[PDB]
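**Student:** One structure coming up, written as structure tokens, with questions to follow.
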Amino acid sequence: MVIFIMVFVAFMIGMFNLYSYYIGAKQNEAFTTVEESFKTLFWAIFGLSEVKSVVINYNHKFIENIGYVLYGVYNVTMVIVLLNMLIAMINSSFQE
Amino acid sequence: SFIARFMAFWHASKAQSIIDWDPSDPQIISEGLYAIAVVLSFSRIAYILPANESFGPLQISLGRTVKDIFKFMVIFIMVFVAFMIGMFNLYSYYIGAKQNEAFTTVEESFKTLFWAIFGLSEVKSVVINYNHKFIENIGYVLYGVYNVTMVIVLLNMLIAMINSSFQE
Amino acid sequence: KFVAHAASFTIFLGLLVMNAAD
């Protein structure tokens with residue numbers, strides 16, 4: 001859980017820092033305030049977040065793509081790496 | 001990023017110096033890359049992490065598991081491309097038909113086909129507003145068999161082979 | 001040198017967060 005929340009904060013400050021000026025643009029809510037972006041970034045661990053959170057009602061397609069890559073790489077890295085760490089290391093803990 | 005902000009400062013400073021939502025504008029490039037730099041710099045603390053007792057072995061095993069999953073990522077993206085070119089090739093003529101977006105352009109279909117690994121894609125992506133029920137069914141079978149084969153086979157490969165890597 | 005280097009890294013992160021907040 002230590003390294004888990006380290007990665008969580010590392011991505012969350014980046015995303016909040018990215019979308020902070022768009023508060024009146026993106027369709028669905030959050031990814032705007034710190035406490036409001038922490039939510040959609042926490043519920044992505046359980047798959048209850050929506051991908052449509054990354055779209056913008058302006059054009060600015062570069063920032064939108066940066067959001068897709070940061071959010072996706074967050075999901076892949078932290079979920080897929082940390083889960084296999086947990087299972088493999090916990091079975092390692094039982095066998096010994 | 002700071003180069004970009006300096007360029008914006010020079011153009012705007014020449015502008016408001018002369019008196020007395022641009023799509024490609026560099027300032028949004030600055031805010032854009034500045035976030036990636038935030039993520040990397042926050043993720044550079046793994047250099048000073050290993051010094052502590054309980055965090056050292058964790059940090060050490062992380063790299064081994066990543067090195068283990070790379071060679072699976074190879075076949076993973078092989079299957080990914082194999083299905084993606086088929087789907088893009090299938091729906092390329094329907095651009096004005098299906099309800100929800102994507103499955104049309106290469107870069108746009110790569111998205112809905114990537115987010116199906118995490119379950120955030122929608123099945124309703126396969127429906128068509130024409131009739132043409134044969135092509136719709138082909139989409140259901142190709143997308144479904146993609147999900148089954150790559151997800152269900154490659155996950156059990158990863159877990160079973162990584163436990164195989166620990167035990168030895 | 002280790003505690004000083006690491007600490008100054010942490011104040012770099014802190015200045016990043018305070019630059020982002022406002």
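Labeling convention for the structure tokens: chains A, B, ... as they appear, residues from 1 per chain, ligands from 1 in order of appearance.
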Residues near residue 52 (chain A), anyone? I mean within 12 Å using only C-alpha atoms, not counting same-chain ones fewer than 6 positions away, as a ChimeraX atom specification.

**Tutor:** /A:26-31,40,64,67-68,71 /B:101,111-112,115,120-122

**Student:** Given a cut-off of 8 Å, which residues of chain C touch chain A, counting only C-alpha atoms, written out as a list in words?

**Tutor:** residues 17, 20 and 21 of chain C

**Student:** Which residues of chain C come within 9 Å of chain B, and what is each one's closest atom pair and distance in Å (one decimal), counting only C-alpha atoms, sorted by chain and residue number, as a Markdown table?

**Tutor:**
```
| residue | atom | partner | partner_atom | distance |
| --- | --- | --- | --- | --- |
| C:2 | CA | B:48 | CA | 8.5 |
| C:6 | CA | B:48 | CA | 6.8 |
| C:9 | CA | B:45 | CA | 8.4 |
| C:10 | CA | B:45 | CA | 8.9 |
| C:13 | CA | B:42 | CA | 6.9 |
| C:16 | CA | B:38 | CA | 7.6 |
```

**Student:** Kindly save the residues from that selection, with N, CA and C atoms included, as a tab-separated table (two decimals), in the first residue's frame.

**Tutor:**
```
chain	number	residue	atom	x	y	z
C	2	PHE	N	23.33	12.46	1.81
C	2	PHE	CA	22.14	11.72	1.41
C	2	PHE	C	20.88	12.37	1.95
C	6	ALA	N	18.28	14.13	-0.64
C	6	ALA	CA	16.91	13.64	-0.65
C	6	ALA	C	15.93	14.71	-0.20
C	9	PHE	N	15.32	17.26	-2.84
C	9	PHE	CA	14.39	16.67	-3.80
C	9	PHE	C	12.95	16.80	-3.32
C	10	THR	N	12.71	16.53	-2.03
C	10	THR	CA	11.35	16.62	-1.51
C	10	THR	C	10.82	18.06	-1.54
C	13	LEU	N	9.62	18.66	-5.04
C	13	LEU	CA	8.25	18.17	-5.20
C	13	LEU	C	7.24	19.10	-4.53
C	16	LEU	N	6.58	21.98	-6.57
C	16	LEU	CA	5.72	21.57	-7.68
C	16	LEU	C	4.25	21.57	-7.27
```

**Student:** When the cut-off is 8 Å and we count only C-alpha atoms, which residues of chain B are near chain A, given as number ranges by chain?

**Tutor:** B: 23-24, 28-29, 31-32, 34-36, 38-39, 42-43, 62, 65-66, 118-120, 159, 162-163, 166-167

**Student:** Which polymer residues have any atom within 6 Å of an atom of residue 1 (chain B), counting only C-alpha atoms, with same-chain residues fewer than 2 positions away left out, as JSON, numbers by chain?

**Tutor:** {"B": [3, 4, 30, 33, 34]}

**Student:** Produce a file of the selected residues containing N, CA and C atoms, as a compact mmCIF listing (two decimals), in the first residue's frame.

**Tutor:**
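Below you can see again-v2.txt, which holds the result:
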```txt
# COMPACT_ATOMS: atom_id res chain seq x y z
N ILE B 3 10.94 26.11 -22.42
CA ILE B 3 11.18 26.72 -23.72
C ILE B 3 9.86 27.21 -24.32
N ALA B 4 8.82 26.36 -24.25
CA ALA B 4 7.52 26.74 -24.79
C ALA B 4 6.96 27.96 -24.08
N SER B 30 2.98 23.77 -23.48
CA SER B 30 3.70 23.90 -22.21
C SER B 30 2.93 23.26 -21.07
N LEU B 33 3.11 19.24 -21.73
CA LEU B 33 4.32 18.51 -21.37
C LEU B 33 4.68 18.70 -19.90
N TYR B 34 4.30 19.83 -19.31
CA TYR B 34 4.59 20.08 -17.90
C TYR B 34 3.97 19.02 -17.00
```

**Student:** For residue 130 (chain B), which residue among B:18, B:73, B:95, B:7 is the nearest when counting only C-alpha atoms?

**Tutor:**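 Of B:18, B:73, B:95, B:7, the one nearest residue 130 (chain B), counting only C-alpha atoms, is B:95.
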